[PDB]
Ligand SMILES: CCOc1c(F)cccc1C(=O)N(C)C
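Encoded as structure tokens, the following chain is the form solved without this ligand, with no partner shown.
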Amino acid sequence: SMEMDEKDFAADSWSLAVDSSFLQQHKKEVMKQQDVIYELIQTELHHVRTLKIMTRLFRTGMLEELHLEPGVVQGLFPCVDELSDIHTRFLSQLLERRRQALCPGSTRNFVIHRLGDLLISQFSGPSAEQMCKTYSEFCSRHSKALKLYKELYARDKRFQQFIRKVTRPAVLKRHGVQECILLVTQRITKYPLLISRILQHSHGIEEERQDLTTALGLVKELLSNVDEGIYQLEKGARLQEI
């Protein structure tokens, strides 16, 4: 992550991120909607950060320090470049929507009134097709990635020393290789929970309530498609077993 975005999302809520003199000017219903929108952006920022630890810290570090065969590194981090592209782009739009909403003279006071339109765009058309295809591939390769990790850590000394070195800082406590893989798999099922709670506090504008209802239906359609397209791959599985 970058310092600018970390400070903007350091607070536990939107009501603690904005100036208290700006908070006072708003209705509690707006504060509640903004707190949930802020949680969605803050967790999207953490999700992209998880993907950067996988591509830059783990994957590239293995390629440059261990000179591990790229097919092994690919098996450990399937679709990480594609996932990083999809979520970094989505995050850029969420961050730009917040930036545009800032008051002049302020880097923290903002109200996001429109979100449904961005959520319909992300979860429809080509971008939705790419998320469905990428998560179906990722989640089908998830178990194999974990077994490959466990084999290498237990039997390779240089790989074990690499892992222990890169995961030593306290900021990486919940971000080991297996933890990153499960954090990524679980991300997609957080979207309907966050969007439903945003919808609960977005009845003030009828068009926004309609856009969030549409976005919710699109995320559920995507999740159902990803779930149906999954079949766990096994390393060295025979045709007779498939």
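A residue's number is simply how far along the shown sequence it sits, counting from 1. In this text, rigid core is short for the largest set of C-alphas that superpose within 1.5 Å between two forms.
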property	result
Comparing 204 to 212 and 62 to 70 where Cα RMS over structures and residues is taken in 9 other deposited structures of this protein (core fit), larger one	62 to 70
Mean C-alpha temperature factor, higher of 15 to 23 and 229 to 237	229 to 237
Higher-scoring stretch by recorded Cα B factor average, 63 to 71 or 31 to 39	63 to 71
From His203, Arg187, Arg49, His175, residue of greatest CA B-factor	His203
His87, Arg99, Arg114, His142, ranked by C-alpha B-factor: the highest one	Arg114
Cα B factor band for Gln93 (lowest, middle or highest third within the chain)	lowest
Chain third (lowest, middle, highest) by recorded CA B-factor, residue given as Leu76	middle
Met4, C-alpha B-factor rank within chain (lowest, middle or highest third)	lowest
CA B-factor placement of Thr107, once the chain's modelled residues are sorted into thirds	lowest
Modelled-residue ranking by C-alpha temperature factor, third containing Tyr153	highest
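The form deposited with this ligand bound exists for this protein as well; it is not shown, and the discussion that follows is about that form.
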item	value
Residues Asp5, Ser92 and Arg99 all lining this ligand in the deposited complex, heavy atom within 4.5 Å	no
Proximity of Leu118 to this ligand in the deposited complex, heavy atoms at 4.5 Å	no
Any non-hydrogen atom of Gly71 within 4.5 angstroms of this ligand in the deposited complex	no
Interface membership of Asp85, this ligand in the deposited complex, 4.5 Å heavy atom rule	yes
is_contact(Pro169, this ligand) in the deposited complex, heavy atom dist at most 4.5 Å	no
Residues in 99 to 135 with any heavy atom within 4.5 Å of this ligand in the deposited complex	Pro126, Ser127, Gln130
